[PDB]
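One chain comes next, on its own, written out as structure tokens in the form deposited in one PDB entry.
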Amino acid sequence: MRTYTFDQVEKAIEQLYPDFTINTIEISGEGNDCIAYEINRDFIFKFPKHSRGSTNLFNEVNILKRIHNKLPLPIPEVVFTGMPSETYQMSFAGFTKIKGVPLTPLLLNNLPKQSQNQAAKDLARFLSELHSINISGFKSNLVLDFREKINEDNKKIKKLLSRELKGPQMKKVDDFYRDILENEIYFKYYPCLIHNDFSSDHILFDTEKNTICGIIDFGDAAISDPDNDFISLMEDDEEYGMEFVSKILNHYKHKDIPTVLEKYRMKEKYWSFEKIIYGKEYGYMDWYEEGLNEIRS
């Protein structure tokens, strides 16, 4: 897990952009992949904390350029891009800072009844346009092969938990994976560009107009199952919950809501294993022990 002083950041930006004057630098936020630096109150510069994080930034940069001016909500524009180094496909990238505040569920539930409806409409329209973008031009490494991802997770779980689990516990896990891999609903979808981390923190809101005014953080974007962008909003009391997302789904003209719900229910059960895996890979032992505890039950 790499970290950066303010000096390193400025020094890095200077290599390719020695004429860019930095008047103010602050840390905007930090995620699993990147540390974000707000510069001049005008740009968000993301620096990766590890190789994989650098790869996601690279994809974010690539995708945002490709879909620039294709969407009905403002999205960040890519203005600076860092050079590769060793395993990092990209040492940093600087994006336009979009104005607005996260559309928190609290803030959503406090909106007048009709503003909530508009936000549901605006989200559906965004998602519908995004899921409609022609994907022919993208390279193959952007196609999330879900069947393969479950198989790889399965191998990771069987290795990680061989000594942590007793016979019956491992059988139920293996039962879980088998069931997934034998259920075509998870793999038989029409792939499309998806945001893939479509949740309230990444939805920017204008309390002046009472309308959504931005979508951010495409670092997880990929060619995958469009239902994923609804499921990521469905978690009641944490995200928007089933009631609101059903409005979105009905503006989006979704023909199969029971499928989306089935997918949600699987993802919910599946989080325990993500926690084991990500906990192990990112080195968060609170995450690992937490999933491991949930699995033991």
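Start at 1 and count along the sequence shown; that's the residue number. What we label the rigid core is the largest C-alpha set whose atoms superpose within 1.5 Å from one form to the other.
Undergrad: Between 4-12 and 287-295, point out the one with the higher average CA B-factor as the PDB entry records it.
TA: It is 287-295.
Undergrad: State which stretch shows the higher mean Cα B factor in the entry: 235-243 or 260-268.
TA: Comparing 235-243 with 260-268, the higher average CA B-factor belongs to 235-243.
Undergrad: If I read the C-alpha B-factors straight from the PDB entry, which of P84, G214, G94, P102 is highest?
TA: Among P84, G214, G94, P102, the highest C-alpha B-factor in the entry belongs to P84.
Undergrad: In terms of recorded Cα temperature factor, pick the maximum from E164, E129, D174, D227.
TA: Highest CA B-factor of the listed options: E164.
Undergrad: Ordered by C-alpha B-factor within the chain, which third holds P191? Give me lowest, middle or highest, please.
TA: Bottom third by C-alpha B-factor.
Undergrad: Determine, from the deposited record, the chain-internal third of the Cα B-factor for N40: lowest, middle or highest.
TA: It falls in the middle third of the chain.
Undergrad: By the recorded C-alpha temperature factor, relative to the other modelled residues in its chain, which third is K46 in?
TA: For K46, the deposited C-alpha B-factor lands in the lowest third.
Undergrad: How does the C-alpha B factor of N151 compare with the rest of the chain: lowest, middle or highest third?
TA: Lowest third of the chain for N151's C-alpha B-factor.
Undergrad: Place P168 in the lowest, middle or highest third of its chain's C-alpha B-factors, as listed in the PDB entry.
TA: For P168, whose C-alpha B-factor we compare with every modelled residue in the chain, the answer is the highest third.
Keep in mind that the form deposited in another entry is not shown, yet the notes after this line are about it.
Undergrad: Pick from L204, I157, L73, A120: whose Cα moves by 2 Å or more between the shown form and the other one, rigid core superposed?
TA: Comparing both forms, the shifted residue turns out to be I157.
Undergrad: If the C-alpha spacing of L106 and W287 moves by 3 Å or more in that other deposited form, is that a move closer or farther apart?
TA: Closer together, which means the C-alphas of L106 and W287 are at least 3 Å nearer in that other deposited form.
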